[PDB]
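Q: Here you go, my_file_22.pdb (PDB, C-alpha atoms):
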```pdb
ATOM      1  CA  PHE P   1      78.749 -24.992  12.929  1.00  0.00           C
ATOM      2  CA  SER P   2      77.940 -21.934  15.054  1.00  0.00           C
ATOM      3  CA  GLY P   3      74.669 -20.613  16.439  1.00  0.00           C
ATOM      4  CA  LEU P   4      75.948 -17.150  15.544  1.00  0.00           C
ATOM      5  CA  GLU P   5      74.523 -17.641  12.076  1.00  0.00           C
ATOM      6  CA  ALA P   6      71.430 -19.239  13.579  1.00  0.00           C
ATOM      7  CA  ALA P   7      70.853 -15.875  15.214  1.00  0.00           C
ATOM      8  CA  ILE P   8      71.071 -14.160  11.812  1.00  0.00           C
ATOM      9  CA  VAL P   9      68.226 -16.381  10.627  1.00  0.00           C
ATOM     10  CA  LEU P  10      66.336 -16.251  13.911  1.00  0.00           C
ATOM     11  CA  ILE P  11      65.958 -12.553  13.264  1.00  0.00           C
ATOM     12  CA  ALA P  12      64.510 -13.315   9.841  1.00  0.00           C
ATOM     13  CA  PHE P  13      62.045 -15.868  11.193  1.00  0.00           C
ATOM     14  CA  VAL P  14      60.962 -13.378  13.865  1.00  0.00           C
ATOM     15  CA  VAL P  15      60.849 -10.385  11.533  1.00  0.00           C
ATOM     16  CA  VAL P  16      58.662 -11.961   8.834  1.00  0.00           C
ATOM     17  CA  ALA P  17      56.546 -13.247  11.719  1.00  0.00           C
ATOM     18  CA  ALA P  18      56.182  -9.742  13.140  1.00  0.00           C
ATOM     19  CA  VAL P  19      55.441  -8.324   9.685  1.00  0.00           C
ATOM     20  CA  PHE P  20      52.910 -11.039   8.987  1.00  0.00           C
ATOM     21  CA  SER P  21      51.677 -10.517  12.516  1.00  0.00           C
ATOM     22  CA  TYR P  22      51.612  -6.801  11.837  1.00  0.00           C
ATOM     23  CA  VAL P  23      49.661  -7.112   8.588  1.00  0.00           C
ATOM     24  CA  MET P  24      47.411  -9.970   9.696  1.00  0.00           C
ATOM     25  CA  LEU P  25      46.293  -7.738  12.536  1.00  0.00           C
ATOM     26  CA  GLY P  26      45.733  -4.934  10.048  1.00  0.00           C
ATOM     27  CA  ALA P  27      44.113  -7.433   7.714  1.00  0.00           C
ATOM     28  CA  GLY P  28      42.213  -8.641  10.750  1.00  0.00           C
ATOM     29  CA  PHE P  29      40.983  -5.299  12.042  1.00  0.00           C
ATOM     30  CA  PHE P  30      39.769  -4.452   8.557  1.00  0.00           C
ATOM     31  CA  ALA P  31      38.174  -7.900   8.462  1.00  0.00           C
ATOM     32  CA  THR P  32      36.428  -7.053  11.707  1.00  0.00           C
ATOM     33  CA  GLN P  33      35.694  -3.428  10.848  1.00  0.00           C
ATOM     34  CA  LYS P  34      34.240  -4.681   7.570  1.00  0.00           C
ATOM     35  CA  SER P  35      32.332  -7.403   9.419  1.00  0.00           C
ATOM     36  CA  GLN P  36      30.874  -4.622  11.557  1.00  0.00           C
ATOM     37  CA  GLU P  37      29.850  -2.422   8.641  1.00  0.00           C
ATOM     38  CA  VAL P  38      27.828  -5.130   6.908  1.00  0.00           C
ATOM     39  CA  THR P  39      26.097  -5.791  10.234  1.00  0.00           C
ATOM     40  CA  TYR P  40      25.236  -2.151  10.831  1.00  0.00           C
ATOM     41  CA  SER P  41      24.053  -1.856   7.249  1.00  0.00           C
ATOM     42  CA  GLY P  42      22.401  -5.251   7.666  1.00  0.00           C
ATOM     43  CA  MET P  43      20.145  -4.069  10.478  1.00  0.00           C
ATOM     44  CA  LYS P  44      19.791  -0.723   8.760  1.00  0.00           C
ATOM     45  CA  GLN P  45      18.663  -2.586   5.655  1.00  0.00           C
ATOM     46  CA  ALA P  46      15.714  -4.153   7.482  1.00  0.00           C
ATOM     47  CA  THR P  47      14.817  -1.382   9.926  1.00  0.00           C
ATOM     48  CA  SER P  48      15.025   1.469   7.404  1.00  0.00           C
ATOM     49  CA  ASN P  49      11.774   0.195   5.895  1.00  0.00           C
ATOM     50  CA  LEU P  50       9.161   2.806   5.001  1.00  0.00           C
ATOM     51  CA  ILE P  51       5.397   2.372   4.995  1.00  0.00           C
ATOM     52  CA  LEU P  52       2.217   3.673   3.428  1.00  0.00           C
ATOM     53  CA  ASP P  53      -0.006   4.881   6.275  1.00  0.00           C
ATOM     54  CA  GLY P  54      -3.773   4.623   5.921  1.00  0.00           C
ATOM     55  CA  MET P  55      -6.021   5.275   2.929  1.00  0.00           C
TER
ATOM     56  CA  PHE K   1      42.570 -21.779  12.833  1.00  0.00           C
ATOM     57  CA  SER K   2      41.843 -18.033  12.792  1.00  0.00           C
ATOM     58  CA  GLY K   3      38.623 -16.087  13.297  1.00  0.00           C
ATOM     59  CA  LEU K   4      39.810 -13.846  10.474  1.00  0.00           C
ATOM     60  CA  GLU K   5      38.199 -16.262   8.044  1.00  0.00           C
ATOM     61  CA  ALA K   6      35.215 -16.604  10.354  1.00  0.00           C
ATOM     62  CA  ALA K   7      34.676 -12.909   9.721  1.00  0.00           C
ATOM     63  CA  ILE K   8      34.697 -13.532   5.963  1.00  0.00           C
ATOM     64  CA  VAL K   9      31.817 -15.955   6.458  1.00  0.00           C
ATOM     65  CA  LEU K  10      30.113 -13.894   9.133  1.00  0.00           C
ATOM     66  CA  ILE K  11      29.647 -11.273   6.449  1.00  0.00           C
ATOM     67  CA  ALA K  12      28.017 -13.874   4.221  1.00  0.00           C
ATOM     68  CA  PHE K  13      25.667 -15.097   6.936  1.00  0.00           C
ATOM     69  CA  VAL K  14      24.692 -11.491   7.677  1.00  0.00           C
ATOM     70  CA  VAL K  15      24.410 -10.438   4.039  1.00  0.00           C
ATOM     71  CA  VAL K  16      22.104 -13.257   2.911  1.00  0.00           C
ATOM     72  CA  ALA K  17      20.175 -12.563   6.090  1.00  0.00           C
ATOM     73  CA  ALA K  18      19.837  -8.882   5.199  1.00  0.00           C
ATOM     74  CA  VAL K  19      18.890  -9.760   1.615  1.00  0.00           C
ATOM     75  CA  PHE K  20      16.356 -12.310   2.780  1.00  0.00           C
ATOM     76  CA  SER K  21      15.307  -9.786   5.391  1.00  0.00           C
ATOM     77  CA  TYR K  22      15.151  -7.182   2.657  1.00  0.00           C
ATOM     78  CA  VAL K  23      13.042  -9.310   0.322  1.00  0.00           C
ATOM     79  CA  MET K  24      10.887 -10.925   3.015  1.00  0.00           C
ATOM     80  CA  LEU K  25       9.902  -7.424   4.048  1.00  0.00           C
ATOM     81  CA  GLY K  26       9.157  -6.608   0.417  1.00  0.00           C
ATOM     82  CA  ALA K  27       7.461  -9.978   0.091  1.00  0.00           C
ATOM     83  CA  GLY K  28       5.736  -9.127   3.348  1.00  0.00           C
ATOM     84  CA  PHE K  29       4.528  -5.636   2.488  1.00  0.00           C
ATOM     85  CA  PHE K  30       3.114  -6.985  -0.754  1.00  0.00           C
ATOM     86  CA  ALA K  31       1.578  -9.798   1.279  1.00  0.00           C
ATOM     87  CA  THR K  32      -0.002  -7.161   3.490  1.00  0.00           C
ATOM     88  CA  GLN K  33      -0.845  -4.723   0.698  1.00  0.00           C
ATOM     89  CA  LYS K  34      -2.454  -7.634  -1.129  1.00  0.00           C
ATOM     90  CA  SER K  35      -4.221  -8.712   2.058  1.00  0.00           C
ATOM     91  CA  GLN K  36      -5.591  -5.169   2.229  1.00  0.00           C
ATOM     92  CA  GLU K  37      -6.814  -5.092  -1.375  1.00  0.00           C
ATOM     93  CA  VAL K  38      -8.886  -8.258  -1.071  1.00  0.00           C
ATOM     94  CA  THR K  39     -10.427  -6.803   2.098  1.00  0.00           C
ATOM     95  CA  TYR K  40     -11.297  -3.499   0.481  1.00  0.00           C
ATOM     96  CA  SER K  41     -12.685  -5.352  -2.521  1.00  0.00           C
ATOM     97  CA  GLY K  42     -14.262  -7.807  -0.104  1.00  0.00           C
ATOM     98  CA  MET K  43     -16.380  -5.154   1.589  1.00  0.00           C
ATOM     99  CA  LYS K  44     -16.865  -3.464  -1.746  1.00  0.00           C
ATOM    100  CA  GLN K  45     -18.140  -6.768  -3.096  1.00  0.00           C
ATOM    101  CA  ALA K  46     -20.956  -6.902  -0.545  1.00  0.00           C
ATOM    102  CA  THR K  47     -21.760  -3.206  -0.164  1.00  0.00           C
ATOM    103  CA  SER K  48     -21.740  -2.381  -3.889  1.00  0.00           C
ATOM    104  CA  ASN K  49     -25.038  -4.241  -4.192  1.00  0.00           C
ATOM    105  CA  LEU K  50     -27.743  -2.608  -6.305  1.00  0.00           C
ATOM    106  CA  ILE K  51     -31.485  -2.883  -5.856  1.00  0.00           C
ATOM    107  CA  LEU K  52     -34.773  -2.692  -7.719  1.00  0.00           C
ATOM    108  CA  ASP K  53     -36.858  -0.002  -6.019  1.00  0.00           C
ATOM    109  CA  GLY K  54     -40.633  -0.342  -5.962  1.00  0.00           C
ATOM    110  CA  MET K  55     -43.038  -1.525  -8.640  1.00  0.00           C
TER
END
```
Let me see whether you can do it: turn the structure in this file into structure tokens.

A:
Amino acid sequence: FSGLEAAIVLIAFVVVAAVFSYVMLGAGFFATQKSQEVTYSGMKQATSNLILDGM
Amino acid sequence: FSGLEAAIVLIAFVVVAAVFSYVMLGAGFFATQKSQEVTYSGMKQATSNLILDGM
């Protein structure tokens, strides 16, 4: 049994990690960038209120 | 444990907040606009008085 083949796999473990890492970050930024949008809209929802002024 | 999911919820906390914020304002304006009507009617109730004049 040789670690030469272990290397072959170790790539695969690392690569799928990096890809998941890659996407999760992308998934994550979008998560964040979405989380920001709802917040901006959220404040804009309340503060965009319009009012009847006087009689 | 990842804050990625925390974002998913953070939306939800913000959204229901904005909706409650949205409605409470609407609930609130109506509260106010109602509070105004009773006042206008309130003064109108007293000042709309009519009188017998002379003999």

Q: Step by step, work through what the ChimeraX specification (/P :<7) & /K selects in the shown file, and finish by giving those residues as JSON, numbers by chain.

A: {"K": [4, 7, 10, 11, 14, 15, 18, 21, 22]}

Q: Take atom CA of residue K:9 and atom CA of residue P:20 and report the distance between them in Å, one decimal.

A: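 About the pair atom CA of residue K:9 and atom CA of residue P:20: they are 21.8 Å apart.
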
Q: Report the distance between atom CA of residue P:17 and atom CA of residue K:2 in Å, rounded to one decimal place.

A: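 Atom-to-atom, atom CA of residue P:17 to atom CA of residue K:2, that is 15.5 Å.
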